[PDB]
>>> print(open('work-v1.pdb').read())   # PDB, C-alpha atoms and all ligand atoms
ATOM      1  CA  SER A   5      89.446  95.347  84.704  1.00  0.00           C
ATOM      2  CA  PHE A   6      89.306  97.707  87.783  1.00  0.00           C
ATOM      3  CA  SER A   7      89.713  95.830  91.096  1.00  0.00           C
ATOM      4  CA  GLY A   8      89.647  96.764  94.775  1.00  0.00           C
ATOM      5  CA  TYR A   9      87.365  99.792  94.348  1.00  0.00           C
ATOM      6  CA  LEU A  10      84.845 100.861  96.957  1.00  0.00           C
ATOM      7  CA  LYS A  11      81.452 101.720  95.404  1.00  0.00           C
ATOM      8  CA  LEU A  12      80.277 105.210  96.455  1.00  0.00           C
ATOM      9  CA  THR A  13      77.263 105.627  94.134  1.00  0.00           C
ATOM     10  CA  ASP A  14      75.700 103.825  91.106  1.00  0.00           C
ATOM     11  CA  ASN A  15      78.564 105.163  88.911  1.00  0.00           C
ATOM     12  CA  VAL A  16      81.381 106.441  91.187  1.00  0.00           C
ATOM     13  CA  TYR A  17      84.059 104.125  92.615  1.00  0.00           C
ATOM     14  CA  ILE A  18      87.121 104.975  94.726  1.00  0.00           C
ATOM     15  CA  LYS A  19      90.446 103.315  95.621  1.00  0.00           C
ATOM     16  CA  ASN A  20      93.582 104.307  97.545  1.00  0.00           C
ATOM     17  CA  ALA A  21      96.010 103.954  94.639  1.00  0.00           C
ATOM     18  CA  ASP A  22      98.667 105.673  92.597  1.00  0.00           C
ATOM     19  CA  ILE A  23      96.874 106.584  89.314  1.00  0.00           C
ATOM     20  CA  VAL A  24     100.102 105.822  87.303  1.00  0.00           C
ATOM     21  CA  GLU A  25     100.326 102.317  88.785  1.00  0.00           C
ATOM     22  CA  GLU A  26      96.583 101.874  88.330  1.00  0.00           C
ATOM     23  CA  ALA A  27      96.842 102.954  84.644  1.00  0.00           C
ATOM     24  CA  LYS A  28      99.779 100.559  83.980  1.00  0.00           C
ATOM     25  CA  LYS A  29      97.822  97.704  85.531  1.00  0.00           C
ATOM     26  CA  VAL A  30      94.386  98.296  83.980  1.00  0.00           C
ATOM     27  CA  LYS A  31      95.334 100.081  80.711  1.00  0.00           C
ATOM     28  CA  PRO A  32      91.893 101.838  80.748  1.00  0.00           C
ATOM     29  CA  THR A  33      90.310 103.332  77.636  1.00  0.00           C
ATOM     30  CA  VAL A  34      90.614 106.773  79.305  1.00  0.00           C
ATOM     31  CA  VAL A  35      92.936 108.043  82.004  1.00  0.00           C
ATOM     32  CA  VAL A  36      92.158 111.591  83.224  1.00  0.00           C
ATOM     33  CA  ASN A  37      95.028 113.989  83.753  1.00  0.00           C
ATOM     34  CA  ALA A  38      94.778 116.890  86.245  1.00  0.00           C
ATOM     35  CA  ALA A  39      96.018 119.326  83.625  1.00  0.00           C
ATOM     36  CA  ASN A  40      96.655 123.078  83.550  1.00  0.00           C
ATOM     37  CA  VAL A  41      95.611 125.288  80.559  1.00  0.00           C
ATOM     38  CA  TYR A  42      99.107 125.119  79.077  1.00  0.00           C
ATOM     39  CA  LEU A  43      99.369 121.294  79.356  1.00  0.00           C
ATOM     40  CA  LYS A  44     102.652 121.824  81.276  1.00  0.00           C
ATOM     41  CA  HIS A  45     102.843 118.532  83.202  1.00  0.00           C
ATOM     42  CA  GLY A  46     105.227 119.570  85.947  1.00  0.00           C
ATOM     43  CA  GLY A  47     103.907 118.208  89.220  1.00  0.00           C
ATOM     44  CA  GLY A  48     101.139 116.315  90.972  1.00  0.00           C
ATOM     45  CA  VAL A  49      99.199 113.828  88.853  1.00  0.00           C
ATOM     46  CA  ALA A  50     100.295 115.552  85.590  1.00  0.00           C
ATOM     47  CA  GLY A  51     104.004 115.296  86.398  1.00  0.00           C
ATOM     48  CA  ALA A  52     103.645 111.675  87.457  1.00  0.00           C
ATOM     49  CA  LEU A  53     101.640 110.648  84.332  1.00  0.00           C
ATOM     50  CA  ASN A  54     104.056 112.505  82.055  1.00  0.00           C
ATOM     51  CA  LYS A  55     107.137 110.938  83.733  1.00  0.00           C
ATOM     52  CA  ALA A  56     105.527 107.456  83.207  1.00  0.00           C
ATOM     53  CA  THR A  57     105.287 108.204  79.444  1.00  0.00           C
ATOM     54  CA  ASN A  58     109.066 109.071  79.332  1.00  0.00           C
ATOM     55  CA  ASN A  59     107.978 112.708  78.493  1.00  0.00           C
ATOM     56  CA  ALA A  60     106.033 111.600  75.355  1.00  0.00           C
ATOM     57  CA  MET A  61     102.870 113.137  76.884  1.00  0.00           C
ATOM     58  CA  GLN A  62     104.661 116.533  77.202  1.00  0.00           C
ATOM     59  CA  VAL A  63     106.005 116.388  73.622  1.00  0.00           C
ATOM     60  CA  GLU A  64     102.525 115.598  72.296  1.00  0.00           C
ATOM     61  CA  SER A  65     101.001 118.298  74.544  1.00  0.00           C
ATOM     62  CA  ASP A  66     103.404 121.030  73.374  1.00  0.00           C
ATOM     63  CA  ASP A  67     102.498 120.232  69.737  1.00  0.00           C
ATOM     64  CA  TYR A  68      98.773 120.423  70.718  1.00  0.00           C
ATOM     65  CA  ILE A  69      99.275 123.850  72.402  1.00  0.00           C
ATOM     66  CA  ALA A  70     101.393 125.157  69.494  1.00  0.00           C
ATOM     67  CA  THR A  71      98.462 124.313  67.166  1.00  0.00           C
ATOM     68  CA  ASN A  72      95.432 125.122  69.343  1.00  0.00           C
ATOM     69  CA  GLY A  73      96.483 127.506  72.074  1.00  0.00           C
ATOM     70  CA  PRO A  74      95.693 126.956  75.732  1.00  0.00           C
ATOM     71  CA  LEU A  75      92.662 125.156  77.115  1.00  0.00           C
ATOM     72  CA  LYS A  76      90.039 127.022  79.169  1.00  0.00           C
ATOM     73  CA  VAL A  77      89.841 126.451  82.977  1.00  0.00           C
ATOM     74  CA  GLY A  78      86.959 123.899  83.153  1.00  0.00           C
ATOM     75  CA  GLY A  79      87.827 122.560  79.682  1.00  0.00           C
ATOM     76  CA  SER A  80      89.494 119.466  78.298  1.00  0.00           C
ATOM     77  CA  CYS A  81      91.152 117.815  75.354  1.00  0.00           C
ATOM     78  CA  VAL A  82      91.604 114.185  74.341  1.00  0.00           C
ATOM     79  CA  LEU A  83      95.155 113.171  73.540  1.00  0.00           C
ATOM     80  CA  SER A  84      96.994 109.807  73.433  1.00  0.00           C
ATOM     81  CA  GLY A  85      97.224 107.747  76.600  1.00  0.00           C
ATOM     82  CA  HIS A  86     100.702 106.539  75.479  1.00  0.00           C
ATOM     83  CA  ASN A  87     101.748 103.465  77.600  1.00  0.00           C
ATOM     84  CA  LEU A  88      99.083 104.230  80.280  1.00  0.00           C
ATOM     85  CA  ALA A  89      95.702 104.211  78.485  1.00  0.00           C
ATOM     86  CA  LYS A  90      94.148 104.311  74.963  1.00  0.00           C
ATOM     87  CA  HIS A  91      93.433 108.041  75.574  1.00  0.00           C
ATOM     88  CA  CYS A  92      94.283 110.693  78.090  1.00  0.00           C
ATOM     89  CA  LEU A  93      91.525 113.178  78.846  1.00  0.00           C
ATOM     90  CA  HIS A  94      93.375 116.306  79.996  1.00  0.00           C
ATOM     91  CA  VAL A  95      90.944 118.129  82.231  1.00  0.00           C
ATOM     92  CA  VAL A  96      91.604 121.581  83.714  1.00  0.00           C
ATOM     93  CA  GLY A  97      90.076 121.994  87.128  1.00  0.00           C
ATOM     94  CA  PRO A  98      90.357 125.440  88.780  1.00  0.00           C
ATOM     95  CA  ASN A  99      93.600 125.976  90.662  1.00  0.00           C
ATOM     96  CA  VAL A 100      92.494 127.841  93.799  1.00  0.00           C
ATOM     97  CA  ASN A 101      96.249 128.451  94.574  1.00  0.00           C
ATOM     98  CA  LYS A 102      96.143 130.618  91.317  1.00  0.00           C
ATOM     99  CA  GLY A 103      92.895 132.376  92.457  1.00  0.00           C
ATOM    100  CA  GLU A 104      90.719 130.517  89.908  1.00  0.00           C
ATOM    101  CA  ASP A 105      86.914 130.306  90.241  1.00  0.00           C
ATOM    102  CA  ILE A 106      86.007 127.109  92.238  1.00  0.00           C
ATOM    103  CA  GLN A 107      82.471 127.246  90.598  1.00  0.00           C
ATOM    104  CA  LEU A 108      84.407 125.946  87.444  1.00  0.00           C
ATOM    105  CA  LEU A 109      84.975 122.565  89.140  1.00  0.00           C
ATOM    106  CA  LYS A 110      81.499 121.382  88.044  1.00  0.00           C
ATOM    107  CA  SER A 111      82.297 122.428  84.427  1.00  0.00           C
ATOM    108  CA  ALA A 112      85.576 120.505  84.669  1.00  0.00           C
ATOM    109  CA  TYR A 113      83.775 117.323  85.827  1.00  0.00           C
ATOM    110  CA  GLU A 114      81.207 117.652  83.005  1.00  0.00           C
ATOM    111  CA  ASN A 115      84.003 116.689  80.588  1.00  0.00           C
ATOM    112  CA  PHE A 116      83.930 113.168  82.109  1.00  0.00           C
ATOM    113  CA  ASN A 117      80.365 112.648  80.776  1.00  0.00           C
ATOM    114  CA  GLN A 118      81.702 112.380  77.214  1.00  0.00           C
ATOM    115  CA  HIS A 119      83.385 109.029  78.125  1.00  0.00           C
ATOM    116  CA  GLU A 120      81.582 105.843  79.230  1.00  0.00           C
ATOM    117  CA  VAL A 121      84.308 104.834  81.693  1.00  0.00           C
ATOM    118  CA  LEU A 122      87.319 106.679  83.110  1.00  0.00           C
ATOM    119  CA  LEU A 123      90.194 106.189  85.526  1.00  0.00           C
ATOM    120  CA  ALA A 124      90.580 109.622  87.221  1.00  0.00           C
ATOM    121  CA  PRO A 125      91.988 111.692  90.034  1.00  0.00           C
ATOM    122  CA  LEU A 126      89.878 114.118  92.154  1.00  0.00           C
ATOM    123  CA  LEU A 127      89.924 117.361  90.140  1.00  0.00           C
ATOM    124  CA  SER A 128      91.372 120.515  91.753  1.00  0.00           C
ATOM    125  CA  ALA A 129      92.603 118.447  94.748  1.00  0.00           C
ATOM    126  CA  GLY A 130      96.287 118.162  95.836  1.00  0.00           C
ATOM    127  CA  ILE A 131      98.526 120.910  94.515  1.00  0.00           C
ATOM    128  CA  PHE A 132      95.467 122.576  92.858  1.00  0.00           C
ATOM    129  CA  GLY A 133      94.397 123.679  96.373  1.00  0.00           C
ATOM    130  CA  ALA A 134      90.712 122.791  96.534  1.00  0.00           C
ATOM    131  CA  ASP A 135      89.090 120.795  99.337  1.00  0.00           C
ATOM    132  CA  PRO A 136      89.128 117.134  98.148  1.00  0.00           C
ATOM    133  CA  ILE A 137      85.877 116.432 100.101  1.00  0.00           C
ATOM    134  CA  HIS A 138      84.228 119.211  98.023  1.00  0.00           C
ATOM    135  CA  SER A 139      85.788 117.767  94.796  1.00  0.00           C
ATOM    136  CA  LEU A 140      84.347 114.282  95.530  1.00  0.00           C
ATOM    137  CA  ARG A 141      80.894 115.798  96.171  1.00  0.00           C
ATOM    138  CA  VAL A 142      81.011 117.723  92.872  1.00  0.00           C
ATOM    139  CA  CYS A 143      82.205 114.551  91.105  1.00  0.00           C
ATOM    140  CA  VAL A 144      79.301 112.432  92.465  1.00  0.00           C
ATOM    141  CA  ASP A 145      76.731 115.170  91.667  1.00  0.00           C
ATOM    142  CA  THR A 146      78.072 115.883  88.131  1.00  0.00           C
ATOM    143  CA  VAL A 147      79.512 112.744  86.539  1.00  0.00           C
ATOM    144  CA  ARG A 148      76.911 110.263  85.215  1.00  0.00           C
ATOM    145  CA  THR A 149      79.375 107.935  83.435  1.00  0.00           C
ATOM    146  CA  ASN A 150      81.477 105.282  85.284  1.00  0.00           C
ATOM    147  CA  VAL A 151      84.358 106.981  87.098  1.00  0.00           C
ATOM    148  CA  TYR A 152      87.057 105.060  89.004  1.00  0.00           C
ATOM    149  CA  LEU A 153      88.793 107.514  91.316  1.00  0.00           C
ATOM    150  CA  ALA A 154      92.376 106.871  92.335  1.00  0.00           C
ATOM    151  CA  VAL A 155      93.319 108.782  95.553  1.00  0.00           C
ATOM    152  CA  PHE A 156      97.073 108.583  96.112  1.00  0.00           C
ATOM    153  CA  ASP A 157      97.096 109.706  99.779  1.00  0.00           C
ATOM    154  CA  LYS A 158      95.954 106.944 102.248  1.00  0.00           C
ATOM    155  CA  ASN A 159      94.926 109.332 105.031  1.00  0.00           C
ATOM    156  CA  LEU A 160      92.955 111.455 102.516  1.00  0.00           C
ATOM    157  CA  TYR A 161      91.298 108.302 101.082  1.00  0.00           C
ATOM    158  CA  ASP A 162      90.147 107.290 104.611  1.00  0.00           C
ATOM    159  CA  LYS A 163      88.871 110.821 105.328  1.00  0.00           C
ATOM    160  CA  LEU A 164      86.974 110.879 101.977  1.00  0.00           C
ATOM    161  CA  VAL A 165      85.299 107.493 102.556  1.00  0.00           C
ATOM    162  CA  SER A 166      84.480 108.056 106.250  1.00  0.00           C
ATOM    163  CA  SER A 167      82.963 111.509 105.561  1.00  0.00           C
ATOM    164  CA  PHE A 168      80.996 110.547 102.394  1.00  0.00           C
ATOM    165  CA  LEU A 169      77.339 111.423 102.520  1.00  0.00           C
TER     166      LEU A 169
HETATM  167  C1  LIG B 201      96.049 110.435  92.135  1.00  0.00           C
HETATM  168  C2  LIG B 201      97.536 110.300  92.149  1.00  0.00           C
HETATM  169  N1  LIG B 201      98.129 109.211  91.654  1.00  0.00           N
HETATM  170  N2  LIG B 201      99.483 109.394  91.785  1.00  0.00           N
HETATM  171  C3  LIG B 201      99.748 110.603  92.380  1.00  0.00           C
HETATM  172  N3  LIG B 201     100.954 111.056  92.658  1.00  0.00           N
HETATM  173  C4  LIG B 201      98.501 111.222  92.638  1.00  0.00           C
HETATM  174  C5  LIG B 201      98.323 112.450  93.342  1.00  0.00           C
HETATM  175  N4  LIG B 201      98.139 113.421  93.918  1.00  0.00           N
END
>>> encode(input="work-v1.pdb", output="structure tokens")
Amino acid sequence: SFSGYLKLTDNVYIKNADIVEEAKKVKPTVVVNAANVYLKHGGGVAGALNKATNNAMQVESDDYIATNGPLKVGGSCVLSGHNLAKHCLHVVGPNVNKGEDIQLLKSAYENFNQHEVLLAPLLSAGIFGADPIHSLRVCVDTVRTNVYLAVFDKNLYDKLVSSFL
């Protein structure tokens, strides 16, 4: 199972780790992808997870979009986890670099409550432009299920832990 995680709350855990390496090690039931509405997995966590699946995640995602149209910002869909997890929960956090409403970050985290346990990144953090300290606070105050957060950046991980209320 999950190892080396620091417990933040009753249900939120955090580790300085690459979510792709973490997924290959643990093979969780659910890995969360930091998706966009088009499921175009170009960069950040999405690009890394997709590259780990040899582009199978992108092929599956394009078929999903062709059938269903784009997701909503704050929404999600469950697709295959390929070689990383049983399932991938593609969650769209607001991209503040695209002028999207940051109030939608709580709606994005609410998707995690449909799964008992998840391996996840901080939503809207990194290339999505939001403050990761704010994302962790919204995560802790929204998610009630067991969430194992993988924070790639060491310096950000230390800042998140040392500033956690
Ligand atoms: C989380 C995570 N895992 N691997 C990455 N490249 C990220 C980011 N950002």
>>> axis_aligned_box(input="work-v1.pdb", around="ligand LIG 201 (chain B)", padding_each_side="4 Å", output="lines of an AutoDock Vina configuration file")
center_x = 98.5
center_y = 111.3
center_z = 92.8
size_x = 12.9
size_y = 12.2
size_z = 10.3
>>> closest_residue(input="work-v1.pdb", among="A:142, A:21, A:56, A:61", to="residue A:107", atoms="only C-alpha atoms")
A:142
>>> residues_near_ligand(input="work-v1.pdb", ligand="ligand LIG 201 (chain B)", cutoff="6 Å", atoms="all atoms listed in the file", output="ChimeraX atom specification")
/A:22-24,48-49,52,125,130,154-156
>>> write_last_selection(input="work-v1.pdb", atoms="C-alpha atoms", output="PDB file, in the coordinates of the input")
ATOM      1  CA  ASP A  22      98.667 105.673  92.597  1.00  0.00           C
ATOM      2  CA  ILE A  23      96.874 106.584  89.314  1.00  0.00           C
ATOM      3  CA  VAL A  24     100.102 105.822  87.303  1.00  0.00           C
ATOM      4  CA  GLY A  48     101.139 116.315  90.972  1.00  0.00           C
ATOM      5  CA  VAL A  49      99.199 113.828  88.853  1.00  0.00           C
ATOM      6  CA  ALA A  52     103.645 111.675  87.457  1.00  0.00           C
ATOM      7  CA  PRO A 125      91.988 111.692  90.034  1.00  0.00           C
ATOM      8  CA  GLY A 130      96.287 118.162  95.836  1.00  0.00           C
ATOM      9  CA  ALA A 154      92.376 106.871  92.335  1.00  0.00           C
ATOM     10  CA  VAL A 155      93.319 108.782  95.553  1.00  0.00           C
ATOM     11  CA  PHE A 156      97.073 108.583  96.112  1.00  0.00           C
TER      12      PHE A 156
END
>>> closest_residue(input="work-v1.pdb", among="A:13, A:54, A:36, A:135", to="residue A:169", atoms="all atoms listed in the file")
A:13
>>> resolve_selection(input="work-v1.pdb", expression="the PyMOL selection byres (((chain A and resi 122) around 9) and not hetatm)", output="number ranges by chain")
A: 32-36, 93, 116, 119-121, 123-124, 149-153
>>> residues_around(input="work-v1.pdb", residues="residue A:117", least_positions_apart="3", cutoff="7 Å", atoms="all atoms listed in the file", output="PyMOL selection string")
chain A and resi 114+147-149
>>> write_last_selection(input="work-v1.pdb", atoms="C-alpha atoms", output="short mmCIF file (atom, residue, chain, number, x, y, z; two decimals), in the frame of the given file")
data_model
loop_
_atom_site.label_atom_id
_atom_site.label_comp_id
_atom_site.auth_asym_id
_atom_site.auth_seq_id
_atom_site.Cartn_x
_atom_site.Cartn_y
_atom_site.Cartn_z
CA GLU A 114 81.21 117.65 83.00
CA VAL A 147 79.51 112.74 86.54
CA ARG A 148 76.91 110.26 85.22
CA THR A 149 79.38 107.94 83.44
#
>>> atom_distance(input="work-v1.pdb", atom1="atom CA of residue A:94", atom2="atom CA of residue A:40")
8.3 Å
>>> build_atoms(input="work-v1.pdb", residues="stretch 28-44 of chain A", atoms="N, CA, C and O atoms", output="mmCIF file, in the frame of the given file")
data_model
loop_
_atom_site.group_PDB
_atom_site.id
_atom_site.type_symbol
_atom_site.label_atom_id
_atom_site.label_comp_id
_atom_site.auth_asym_id
_atom_site.auth_seq_id
_atom_site.Cartn_x
_atom_site.Cartn_y
_atom_site.Cartn_z
ATOM 1 N N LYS A 28 98.920 101.622 84.508
ATOM 2 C CA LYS A 28 99.779 100.559 83.980
ATOM 3 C C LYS A 28 99.184 99.176 84.170
ATOM 4 O O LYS A 28 99.404 98.303 83.333
ATOM 5 N N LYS A 29 98.450 98.979 85.250
ATOM 6 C CA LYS A 29 97.822 97.704 85.531
ATOM 7 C C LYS A 29 96.583 97.492 84.637
ATOM 8 O O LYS A 29 96.477 96.473 83.959
ATOM 9 N N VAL A 30 95.654 98.447 84.644
ATOM 10 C CA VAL A 30 94.386 98.296 83.980
ATOM 11 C C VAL A 30 94.444 98.579 82.492
ATOM 12 O O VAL A 30 93.750 97.936 81.718
ATOM 13 N N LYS A 31 95.270 99.548 82.083
ATOM 14 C CA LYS A 31 95.334 100.081 80.711
ATOM 15 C C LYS A 31 93.907 100.493 80.246
ATOM 16 O O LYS A 31 93.345 99.907 79.317
ATOM 17 N N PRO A 32 93.276 101.416 81.022
ATOM 18 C CA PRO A 32 91.893 101.838 80.748
ATOM 19 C C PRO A 32 91.765 102.496 79.389
ATOM 20 O O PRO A 32 92.766 102.929 78.804
ATOM 21 N N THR A 33 90.540 102.610 78.891
ATOM 22 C CA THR A 33 90.310 103.332 77.636
ATOM 23 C C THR A 33 90.680 104.815 77.819
ATOM 24 O O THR A 33 91.273 105.416 76.935
ATOM 25 N N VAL A 34 90.351 105.379 78.988
ATOM 26 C CA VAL A 34 90.614 106.773 79.305
ATOM 27 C C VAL A 34 91.218 106.927 80.682
ATOM 28 O O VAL A 34 90.625 106.493 81.673
ATOM 29 N N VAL A 35 92.361 107.596 80.757
ATOM 30 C CA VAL A 35 92.936 108.043 82.004
ATOM 31 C C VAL A 35 92.778 109.571 82.017
ATOM 32 O O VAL A 35 93.064 110.216 81.014
ATOM 33 N N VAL A 36 92.279 110.155 83.098
ATOM 34 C CA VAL A 36 92.158 111.591 83.224
ATOM 35 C C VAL A 36 93.424 112.187 83.822
ATOM 36 O O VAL A 36 93.907 111.718 84.845
ATOM 37 N N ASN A 37 93.931 113.250 83.190
ATOM 38 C CA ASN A 37 95.028 113.989 83.753
ATOM 39 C C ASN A 37 94.505 115.283 84.399
ATOM 40 O O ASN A 37 93.621 115.951 83.863
ATOM 41 N N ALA A 38 95.054 115.637 85.558
ATOM 42 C CA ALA A 38 94.778 116.890 86.245
ATOM 43 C C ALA A 38 95.700 117.927 85.595
ATOM 44 O O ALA A 38 96.773 118.246 86.089
ATOM 45 N N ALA A 39 95.252 118.425 84.465
ATOM 46 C CA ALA A 39 96.018 119.326 83.625
ATOM 47 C C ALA A 39 95.874 120.800 84.004
ATOM 48 O O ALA A 39 94.938 121.192 84.710
ATOM 49 N N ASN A 40 96.802 121.640 83.491
ATOM 50 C CA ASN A 40 96.655 123.078 83.550
ATOM 51 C C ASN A 40 96.376 123.529 82.073
ATOM 52 O O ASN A 40 96.498 122.713 81.157
ATOM 53 N N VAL A 41 95.992 124.785 81.883
ATOM 54 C CA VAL A 41 95.611 125.288 80.559
ATOM 55 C C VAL A 41 96.716 125.206 79.537
ATOM 56 O O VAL A 41 96.438 125.155 78.355
ATOM 57 N N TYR A 42 97.962 125.180 79.994
ATOM 58 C CA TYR A 42 99.107 125.119 79.077
ATOM 59 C C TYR A 42 99.570 123.690 78.784
ATOM 60 O O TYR A 42 100.554 123.490 78.062
ATOM 61 N N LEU A 43 98.954 122.681 79.438
ATOM 62 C CA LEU A 43 99.369 121.294 79.356
ATOM 63 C C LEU A 43 100.853 121.170 79.752
ATOM 64 O O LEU A 43 101.576 120.418 79.124
ATOM 65 N N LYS A 44 101.275 121.925 80.776
ATOM 66 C CA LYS A 44 102.652 121.824 81.276
ATOM 67 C C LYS A 44 102.591 120.871 82.462
ATOM 68 O O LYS A 44 102.095 121.231 83.515
#
